[PDB]
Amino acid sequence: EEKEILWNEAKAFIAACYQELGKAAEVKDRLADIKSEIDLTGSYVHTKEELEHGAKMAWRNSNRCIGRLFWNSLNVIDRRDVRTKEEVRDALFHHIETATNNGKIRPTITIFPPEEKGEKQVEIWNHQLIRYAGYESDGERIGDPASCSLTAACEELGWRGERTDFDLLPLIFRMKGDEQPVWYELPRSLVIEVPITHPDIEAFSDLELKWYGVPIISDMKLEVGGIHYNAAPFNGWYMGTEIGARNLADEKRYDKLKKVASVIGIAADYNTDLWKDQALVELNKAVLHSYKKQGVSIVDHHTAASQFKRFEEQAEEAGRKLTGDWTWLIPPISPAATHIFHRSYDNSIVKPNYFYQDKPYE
């Protein structure tokens, strides 16, 4: 059964991949090769062409992603050759450097060896490669609450955070054969951060807010033609609302709205004053302004929605079915000001794609 699943997915992937690459005449022979290889070894190995396009198709099929217009320009780094934790660490460091690109962010994915018998070769513990630690003890909340369980895990393994609101978590991953993951502190020279200021309101800096430049998802599984790439971190640039409307605004995250209201000089007493709404807008203006002043790539939700419309149009012109998750595609502020809000999307799952997987901690 396990191998029949692999063969079925491989058949579907290769046909589709080779179609798009105008290599349709080579499907027949390559399928035989794969079929023999699965019979002999219990698996098959992607060509670099197949792997690159698979990772691109996977982004294109990500229903919850508004930034899919640029699926075909994804920078794919092939690291199936790594065998040591030093090599994984350096590959991860390199990803941060080249994706950051001095602020001109390059959408990039680094692909590590895939699962064998469902056996992971490399197991990344980080949710993102760059993220802030979180602490909760004796009514004391510090940092990012979403990071509380990973933070406590790292601190088991001998790491200690400074207990600032923005402690950088170490890279943490486990190798096949090892019982414990290893952790490495991030070189600060690799991590761009942006202080949040407001274009009009000088007092905004009193909040001492900041965020990191590059969101690098490192805990999802990339599936291509029946092959499970459990370790394959990828990044784009931020949409402003992810930071200003969620990361810094959610009560279960940094919960900054009351403080924003105070520094922008409005009362936070009456629901009918819409003070949360006003604070959200100003905080979001601040995030966009700050990233642009520093020369770090970012997109606002209006521009992003316009780009996504072009993605929709391109899908139609290419004769591709479009899939999407309305609940994730709408931005968390002024969603009805985007075209997305006013139409519906088929939330079917097409492969290749990126998938959730169970956390090794918790």
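Numbers follow the displayed sequence, beginning with 1.
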Taking the recorded C-alpha temperature factors, which stretch has the higher mean, 55-63 or 318-326? 318-326
Check the entry's C-alpha temperature factors for 132-140 and 199-207, then say which stretch has the higher mean. 132-140
Going by the deposited entry, which of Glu242, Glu115, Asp255, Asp273 has the highest CA temperature factor? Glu115
Between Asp165, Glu251, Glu119, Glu97, which carries the biggest CA temperature factor in the record? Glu119
Using the B-factors in the PDB entry, rank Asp277's C-alpha atom against the chain and give the third, lowest, middle or highest. lowest
Ordered by C-alpha B-factor within the chain, which third holds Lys293? Give me lowest, middle or highest, please. highest
Cα B factor band for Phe308 (lowest, middle or highest third within the chain): lowest
By the entry's values, the third containing the CA B factor of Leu157 is the highest
Among the modelled residues of this chain, does the Cα B factor of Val82 put it in the lowest, middle or highest third? highest
